[PDB]
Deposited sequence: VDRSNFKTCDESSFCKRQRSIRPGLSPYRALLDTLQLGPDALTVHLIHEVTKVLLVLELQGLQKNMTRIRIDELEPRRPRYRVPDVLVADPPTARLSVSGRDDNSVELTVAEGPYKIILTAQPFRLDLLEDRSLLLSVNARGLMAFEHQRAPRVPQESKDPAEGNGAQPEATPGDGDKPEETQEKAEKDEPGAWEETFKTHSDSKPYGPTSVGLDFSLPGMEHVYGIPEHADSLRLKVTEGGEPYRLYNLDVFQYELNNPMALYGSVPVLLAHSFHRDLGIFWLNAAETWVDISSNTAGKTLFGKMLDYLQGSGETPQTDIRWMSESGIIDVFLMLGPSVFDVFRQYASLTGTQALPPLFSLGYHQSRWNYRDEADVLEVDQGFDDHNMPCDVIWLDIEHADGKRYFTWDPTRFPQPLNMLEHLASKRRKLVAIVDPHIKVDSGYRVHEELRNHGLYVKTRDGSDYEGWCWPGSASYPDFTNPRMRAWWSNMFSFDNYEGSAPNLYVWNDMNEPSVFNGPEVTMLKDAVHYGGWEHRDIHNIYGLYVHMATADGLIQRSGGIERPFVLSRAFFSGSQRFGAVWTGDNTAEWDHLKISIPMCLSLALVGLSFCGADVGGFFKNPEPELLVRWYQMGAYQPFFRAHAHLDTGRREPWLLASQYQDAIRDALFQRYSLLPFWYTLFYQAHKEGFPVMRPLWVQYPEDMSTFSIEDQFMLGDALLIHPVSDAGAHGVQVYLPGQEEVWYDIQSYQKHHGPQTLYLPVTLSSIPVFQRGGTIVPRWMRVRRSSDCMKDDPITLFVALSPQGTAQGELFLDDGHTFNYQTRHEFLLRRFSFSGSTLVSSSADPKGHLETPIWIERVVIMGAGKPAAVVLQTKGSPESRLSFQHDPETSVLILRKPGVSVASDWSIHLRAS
């Protein structure tokens, strides 16, 4: 990376001004005579003792253990930005009652308790408690700073230059900032996107973490530089409790983290807008996930194919190359659901077009892929070539839908191109309509989309993005809206794919840039990584930081984007990627071809094995995504989420869990012959899924590995569903029989769910056409029951096999199901591993049934 192209805090005048304020007595005080209390909010005026500027605090108790704090100017020269379209609803409130009051303090009870809020007038402070336990303090270090809007027109407070770019800054200094104290918290996470550790570092002696969507060429590791996306949500975990802080601000934001009896302090500093913060009081991490999901929504349910394997590069040359790649997967018995078309497929990077030499017959190419039951993804970026012959440009120019400069002319980034104003709802409607099959000529139902460079990336712009003083819908400046620009591109594209099908088909859109709420629109990836071992390692903490803040559909380019990976690294990357939510191999223009059959046989075989593992686990992945969509729980999880009292798991980032059932420790070092696997849980057992060897927790196991090894353990007490008949794509498999893998707990019990639907439409929601089954094992009986009786589905899917780990040899196996006579199943048992295989149950997955193991 070239660090000189990106501002450090000292080079961002508002960060330098805010950060220069050091801990001390706050000049802000609440004027308690102005206090007003209603059923939905408490309001009170605050005053800066020196400047005499008046602010208004709107304090609200909310349902589901949350508190909202909003601070704005009492009499502003002009309205300040308030983030739209991120919140899914107006949050239901909880009544605040005065339970104590003196000349300097007011104690408020939330509903009928146990939560309480103490407002201190001088210096202004808020304390949040549950009964007598102090959870969080606000402005404890006196770092609140609210720069009021001065008469429009010291160093860099007004006009400001960065390199050769001048920001005219018409409104001058308007930054806002506030600090929070977390007693008992030593571990904090979130605020992606940074190529850094899962457990966030203290920023005291260096740079704060930066949240400003930026295109960072050849980004480096273990540093706080802002990357492509920004989710201003921070989670705090201890043995005793979980808390979350959601700072709803779309402007450039810097986050300072400091430690201190153990306590972590967090400071947020934003360029513009209001102070709008949600405190999510848990108490469990799952309660924090539900709290945050109630505010910004849940992960969109991916169509099943998008959970398969994706093959990409910059670029497949032409139709013949795409068809050869497609045929290559089949000739080498490697499954693949999607083939991707990067920027060279279009007519000279005019999006929604096709190069007439490379792709003369796109509908025919799509029909060929459809005959193989595969899909294609085409790239569509939010920069429009300034060309009078280009219909998209002509329409956007004619309708005035581009981002403008202050003089009212359409902004042009030279290399020229204009930028549609995705903050304008009419522009988003126009964009969505461009995805109709009539408008996007050459597109078909098996064509999906990739939104790249949507930070927006502007080659000749400051920090490779848009000028701060560009003008958007409603007269807002680019500085006010920056971090939601990408999200709007993602949202409008997803809406386009839904609309083109008449509202029936679920979308699939991959986006580079993102914000809070982006989980509602599709997948994201960690951008332009590098073909190196440390970038393979960092894919875990980066996608975990994303999972914690609601973005479950995350991945990193398999093999690395830049440079040529050695074959061993490519194998380990396929193994890692096979156990991550978004699974795509991708590569830069100047790299050698790396389709997996180009390697020597040993490497091809290890890659095929990884692909087979992923495809067989599709029913499990689909069920975890359904649970993310319904509950807001992450798909990929840090171990501390499942073991909140195990302090040894709090910083782990070389392993992760999928739901509560699988623990994964991918090999991530060249020449490794073993891995140290931490298997947590005081009364827990773990089964090595390859050998069926049982291991008791808590322990660190040194597991031997070969090139084809993927260290995966199933937790005792779980039931994992698989499609053991691996075919060429997920569409081929989606009506096939299921094998249930039952891992018995030490108490001889297990449970697990399975979600099934048609794999691609909204029929599960509009017609309740789906199944949600619960499988439960206890005593010597395995039972299938409905986990949601509203869901009905006509399906040929049946149970072909049951594999029970930790079981003794029965004398007889009996299956009962309504409408059939009692059945006797044959079985096989390995006494060394205590693995029992039940042959061909033969029952519909839609039916209730029971299998009883008789000791007879």
Deposited sequence versus model: which ranges have no CA atoms?
154-189, 297-315, 471-473
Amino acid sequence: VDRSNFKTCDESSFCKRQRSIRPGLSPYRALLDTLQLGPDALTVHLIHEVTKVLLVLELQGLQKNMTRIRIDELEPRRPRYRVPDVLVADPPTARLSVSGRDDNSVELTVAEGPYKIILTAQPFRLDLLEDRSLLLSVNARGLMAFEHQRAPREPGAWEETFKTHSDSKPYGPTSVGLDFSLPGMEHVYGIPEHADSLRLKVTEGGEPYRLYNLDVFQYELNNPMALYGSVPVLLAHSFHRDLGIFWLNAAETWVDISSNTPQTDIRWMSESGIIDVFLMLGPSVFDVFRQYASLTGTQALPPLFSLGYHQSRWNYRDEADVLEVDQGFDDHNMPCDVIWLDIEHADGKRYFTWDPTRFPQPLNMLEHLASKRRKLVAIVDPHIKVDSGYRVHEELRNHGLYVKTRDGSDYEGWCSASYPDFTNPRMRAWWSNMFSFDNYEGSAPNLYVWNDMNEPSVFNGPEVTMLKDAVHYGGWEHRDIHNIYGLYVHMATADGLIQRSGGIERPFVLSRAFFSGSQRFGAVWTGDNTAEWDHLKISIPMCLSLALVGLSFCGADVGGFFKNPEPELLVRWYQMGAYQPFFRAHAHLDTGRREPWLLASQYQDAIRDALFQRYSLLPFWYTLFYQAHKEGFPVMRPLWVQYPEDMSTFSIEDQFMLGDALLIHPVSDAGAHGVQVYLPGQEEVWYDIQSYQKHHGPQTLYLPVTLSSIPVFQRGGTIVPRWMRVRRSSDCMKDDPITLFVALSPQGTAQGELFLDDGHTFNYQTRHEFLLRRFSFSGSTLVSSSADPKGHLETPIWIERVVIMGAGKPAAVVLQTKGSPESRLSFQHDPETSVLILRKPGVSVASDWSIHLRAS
From here on, numbers count along this sequence of modelled residues.
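Throughout, rigid core stands for the largest set of C-alpha atoms superposing within 1.5 Å between the two forms.
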Stretch 781-789 versus stretch 406-414: after rigid core alignment, which one is farther off in C-alpha RMS in 4 other deposited structures of this protein?
406-414
Using only C-alpha atoms and the B-factors in the entry, which stretch averages higher, 390-398 or 242-250?
390-398
Can you tell me which stretch has the higher mean Cα B-factor, 678-686 or 209-217?
678-686
Looking at the C-alpha B-factor values in the deposited entry, which of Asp347, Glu568, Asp410, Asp330 comes out highest?
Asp410
Identify, among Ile797, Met66, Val802, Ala41, the residue whose C-alpha carries the highest B-factor in the deposited PDB entry.
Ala41
Place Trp640 in the lowest, middle or highest third of its chain's C-alpha B-factors, as listed in the PDB entry.
middle
Could you tell me which third, lowest, middle or highest, the C-alpha B-factor of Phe305 occupies within its chain?
lowest
Against its chain's modelled residues, does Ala670's Cα B factor rank lowest, middle or highest third?
middle
Going by the entry, which third of its chain does the Cα temperature factor of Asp557 land in?
lowest
Lowest, middle or highest third: where is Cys15 by C-alpha B factor in its chain?
highest
